[PDB]
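Asks: below is the sequence, then the experimental coordinates.
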Protein chains: 2
Amino acid sequence: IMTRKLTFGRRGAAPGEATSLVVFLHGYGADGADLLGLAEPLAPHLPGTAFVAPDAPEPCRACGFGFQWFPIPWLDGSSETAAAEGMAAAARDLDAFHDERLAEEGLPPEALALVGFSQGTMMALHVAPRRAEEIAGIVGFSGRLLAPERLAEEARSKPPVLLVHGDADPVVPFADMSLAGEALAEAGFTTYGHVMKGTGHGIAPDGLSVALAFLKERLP
Amino acid sequence: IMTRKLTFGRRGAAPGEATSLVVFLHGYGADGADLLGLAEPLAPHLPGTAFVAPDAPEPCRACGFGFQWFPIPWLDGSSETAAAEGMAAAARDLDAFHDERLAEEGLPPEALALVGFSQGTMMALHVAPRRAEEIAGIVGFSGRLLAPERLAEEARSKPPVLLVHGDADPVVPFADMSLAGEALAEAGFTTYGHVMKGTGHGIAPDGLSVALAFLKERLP
Ligand SMILES: OC[C@H]1O[C@H](O[C@H]2[C@H](O)[C@@H](O)[C@H](OCCCC3CCCCC3)O[C@@H]2CO)[C@H](O)[C@@H](O)[C@@H]1O
Ligand SMILES: OC[C@H]1O[C@H](O[C@H]2[C@H](O)[C@@H](O)[C@H](OCCCC3CCCCC3)O[C@@H]2CO)[C@H](O)[C@@H](O)[C@@H]1O
Ligand SMILES: O=S(=O)(O)CCN1CCN(CCS(=O)(=O)O)CC1
Ligand SMILES: O=S(=O)(O)CCN1CCN(CCS(=O)(=O)O)CC1
Ligand SMILES: [Cl-]
Ligand SMILES: [Cl-]
Ligand code: NA
Ligand code: NA
C-alpha cells in the first residue's frame, strides 16, 4: 500500500472482550499517549469499551517533537499545498487504521466513536462522513471543520456529532464551533454543542463529562 | 474504505492468461478509453500483456466532460489546496486500483508497468516510488514530476523510468522533462529520456516506438 501504518496504544477493556471502540485523535505536537490518558477517568464508566490512540503518521517538523496529522503552513513554514496533501493522505491512513482496529476487536462500524482534539478533531470530522458505514458518533474538542462547502456533496455517512469548544480559545476561535456546527446541521447531521465557559484551548471537566454521556448512549 | 473505486477497461491478452500488466493513465479531460486505444498497436508486440485504463475518480469539472485526477487551479478556477488534496486522494485510489488489478491478473508488482499522459504521468511518478515493491517500469509522456524535493525522502521503490516529451510542447514545458529527469537521477532512479522532435503536447510514433521497446524488455 502507499498506506502508512499507525503505531498506537490501547486500553482498557480486555483484548477480545471489547463491546465498543473509541479512538482518540491527538493534536499538533502531541501523540497518542497524551489523549490515551483520558482512558483512566472514562474506562470505569465505559466497562466494555476499548480505547485506542494512534500517533499521527508524521513527526511534527516544526515542533521538534511529537507528531502531526499534517503541517500547519502559517505556523510551520510549510507550503499550503504540501499541507493539503498531508491532510488528504493522513485521512486515508486514518481511514485504514480504523478498519484494522475494528477487525482486531471484531466490531462493526456502529460500535466505533471518534474523540478528537484540535487537529485531531479536524481529522475526525473529515474521515467519518466519508466512510461507507455510519459510526456511533464523534466528539470534537476545539475543533475545526475543513472545507465545510464540500460536506453536503461528500457526506456518505452522517453519524451524530458533538462539538465541544472553549469560549476563550486563542488557538482555534470559538466562532469556528458555530461554523462547523451550522454546516453539519445544514448537511443533515444530528448536531450537538457544548460550551466550556471560561475555557481556552483545552479539555475541561464539564466538556469531558458531557462527552462521556454522549458516548455511553451512542456506544454499545 | 474512503477509497474510491475506479471504473476501467481491458485488453487484450485473455483474462487469466496475462503474463504482464500495463496500466494507462490518461490526462485531464480525457478518460481511460482514450489511451486504452493504444492497446491496438502495442498488443501484437506484447502478446502476454494485459492493458488496463481507469477513469480518474472525478469528472472534469471545468472541462465539462471526461475526467480529472485532480483539478488544475489556474485553468480550473479551483483552490490550490483543494487541488493538492484531490492529488493526494487520487494517488491513494490509484494505489488501491493497482493492487486490485494485480490480484485479478494474479500477477506480482515486477510485472506491472505504468504508462501515463500528462496528468497521468504526474500520477505515475508520484504513486510508483511510494509503493512497497518495485514495479517493472514507468513511461511518462509529457510529463511533470510533482514535488521533486520530496522524492529522495519518500522513494520507497525505484523502478526504471523513461520520460518522453515533445520539444515544442505549449502545455507542459519541455524543460520539465529535464527537471523531472535530473531529480529522478539524483534520487537514484535509473532514468531514460526520449525527445519527440517537432512534437507538441501529444504522443508521436517515435515516442511510442521507444516506449514499446522499453516495455518489452522490462516486462515479463
Ligand atoms: O496531559 C497534559 C494535560 O494537558 C493537555 O493539555 C494541552 C494539550 O496537551 C496540548 O495538546 C494543547 O496544547 C496546544 C498547543 C498547540 C497549539 C495548537 C496547535 C497549534 C500550536 C498551538 O494544550 C492542551 C491544554 O489542555 C491535555 O489537553 C490534557 O488532557 C492533559 O491532561
Ligand atoms: O484519440 C485521439 C488522439 O489524440 C489524442 O491526442 C490528444 C489527447 O487526446 C488529449 O488528451 C491531449 O489534449 C490535451 C489538451 C488538454 C491540455 C492539457 C491539460 C490542460 C488542458 C490542456 O491532446 C492530445 C494530442 O495528441 C491522443 O494523444 C492520441 O493518442 C489519440 O489517438
Ligand atoms: O506534552 S506537553 O504537556 O509537554 C505539551 C504538548 N504539546 C506542546 C507543544 N505543541 C506544539 C508546539 S508549536 O506548534 O507551538 O511549535 C504540541 C502540544
Ligand atoms: O477526446 S477529444 O479528442 O475530443 C479531446 C480530448 N480532450 C479535449 C479537452 N481537454 C481539456 C479541456 S480544457 O482543460 O481546456 O477545459 C481534455 C482532452
Ligand atoms: Cl451549534
Ligand atoms: Cl534527462
Ligand atoms: Na488547525
Ligand atoms: Na499538469
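Replies: Received it, and whenever you're ready, just let me know what you need. Numbers count the residues shown, from 1 in each chain, chains lettered A, B, ... in the order given. Ligands and ions are numbered 1, 2, ... in the order given.
Asks: which SS state does whichever residue of chain A sits closest to ligand 2 fall under?
Replies: For chain A and ligand 2, the shortest gap (Cβ to the nearest ligand atom) falls at residue A:81, measuring 18.0 Å. In short, each C-beta sits where N, CA and C put it, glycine included. For residue A:81, the assignment made with DSSP: H, G, I helix; E, B strand; the rest coil gives helix.
Asks: equivalent analysis for residue A:70, please.
Replies: coil.
Asks: residues in contact with it?
Replies: A:58, A:83, A:84, A:85, A:86, A:87, A:89, A:90, A:119 (Cβ atoms under 8 Å, 6 or more residues apart in numbering or on different chains).
Asks: just to revisit the earlier point, what about the residue of chain A closest to ligand 2, neighbour count?
Replies: 20 (other Cβ atoms under 10 Å in any protein chain shown).
Asks: surely it is in contact with residue B:84?
Replies: Yes. Look at residue A:81 against residue B:84 with Cβ atoms under 8 Å: they come within range, at 3.9 Å.
Asks: for the most centrally placed residue in chain A, what are phi and psi?
Replies: What sits nearest the mean C-alpha location of chain A, by Cα atoms, centre = their mean, is residue A:116, with 2.8 Å. Main-chain dihedrals, residue A:116, degrees, to the nearest 10: phi -110, psi 160.
Asks: what is the burial count for whatever residue of chain A ends up closest to ligand 5?
Replies: The minimum distance from chain A to ligand 5, using Cβ to the ion, falls at residue A:181 (3.1 Å). By other Cβ under 10 Å, the residues close to residue A:181 number 22.
Asks: how about residue A:204?
Replies: That count, for residue A:204 with other Cβ under 10 Å as the rule, works out to 18.
Asks: do the same with the one 10 residues further on
Replies: By other Cβ under 10 Å, 22 other residues sit near residue A:214.
Asks: so it makes contact with residue A:162?
Replies: Yes. Here residue A:214 reaches residue A:162: they are 4.8 Å apart, a contact under Cβ under 8 Å.
Asks: between the two, what contacts are shared?
Replies: A:137, A:139, A:192.
Asks: the last one pairs with what?
Replies: I take that to be residue A:192. residue A:162 (DSSP bridges).
Asks: report the separation between it and chain B.
Replies: 24 Å (Cβ to the nearest Cβ, to the nearest Å).
Asks: got the contact list for the residue in chain A that ligand 4 sits nearest to?
Replies: Relative to ligand 4, the nearest point of chain A is residue A:81 (19.9 Å; Cβ to the nearest ligand atom). Contact analysis of residue A:81 by Cβ under 8 Å, 6+ apart lists B:80, B:81, B:83, B:84.
Asks: kindly report the same for residue A:107.
Replies: So residue A:107 contacts A:18, A:19, A:20, A:21 (Cβ under 8 Å, 6+ apart).
Asks: what residues are up against the spatially closest residue to the last one that is not a sequence neighbour?
Replies: Using Cβ to Cβ, 6 or more residues apart in numbering or on different chains and skipping residues adjacent in sequence, the residue nearest residue A:21 is residue A:112, 4.7 Å away. Remark: with contacts taken as Cβ under 8 Å, 6+ apart, residue A:112 is in contact with A:20, A:21, A:22, A:23, A:98, A:102, A:135, A:136.
Asks: redo those residues as TSV? Include neighbour count.
Replies: Below are the contacts of residue A:112 laid out as TSV (neighbours: other Cβ atoms under 10 Å in any protein chain shown):
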residue	neighbour count
A:20	23
A:21	28
A:22	26
A:23	25
A:98	24
A:102	18
A:135	26
A:136	23
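Asks: out of those, which is nearest to residue B:143?
Replies: If you rank those by distance to residue B:143 using Cβ to Cβ, residue A:98 comes first, at 36.8 Å.
Asks: and the nearest residue to residue A:17 once chain neighbours are set aside, how many residues sit next to it?
Replies: Spatial nearest neighbour of residue A:17, excluding adjacent residues (Cβ to Cβ, 6+ apart): residue A:48 at 7.5 Å. Residue A:48: 15 surrounding residues under other Cβ under 10 Å.
Asks: ok, now which ones touch residue A:48?
Replies: If you count contacts by Cβ under 8 Å, 6+ apart, residue A:48 has them with A:13, A:17, A:18, A:19, A:20, A:220.
Asks: just flag the most distant two among those.
Replies: Farthest pair in those, by Cβ to Cβ: A:17 and A:220, 12.7 Å.
Asks: among the two, which residue is more densely surrounded?
Replies: Per other Cβ under 10 Å, whichever of residue A:17 and residue A:220 has more neighbours is residue A:220, with 14 against 10.
Asks: any idea how far the more buried one is from residue A:112?
Replies: Remark: distance between residue A:220 and residue A:112 (Cβ to Cβ, to the nearest Å) = 10 Å.
Asks: got it, and residue A:168?
Replies: Residue A:168 is 32 Å from residue A:112, where distance means Cβ to Cβ.
Asks: can you give me the strands in chain A?
Replies: A:8-12, A:20-25, A:49-54, A:58-59, A:67-68, A:112-117, A:137-141, A:161-166, A:191-196 (DSSP state E).
Asks: strand partners of the fifth one, parallel vs antiparallel please.
Replies: Strand partners for strand A:67-68, identified by DSSP bridges, are recorded as strand A:58-59 (antiparallel).
Asks: next one: the second one
Replies: Strand A:20-25 sits in its sheet next to strand A:49-54 (parallel), strand A:112-117 (parallel), going by DSSP bridges.
Asks: among the ones you listed, which is nearest ligand 1?
Replies: Comparing the strands paired with strand A:20-25 by Cβ to the nearest ligand atom, strand A:112-117 comes nearest, at 6.4 Å.
Asks: just the angle between the closest one and strand A:161-166, please?
Replies: 20 degrees (axes from the mean of the first three to the mean of the last three Cα atoms, to 10 degrees).
Asks: nice, that's everything, thank you.
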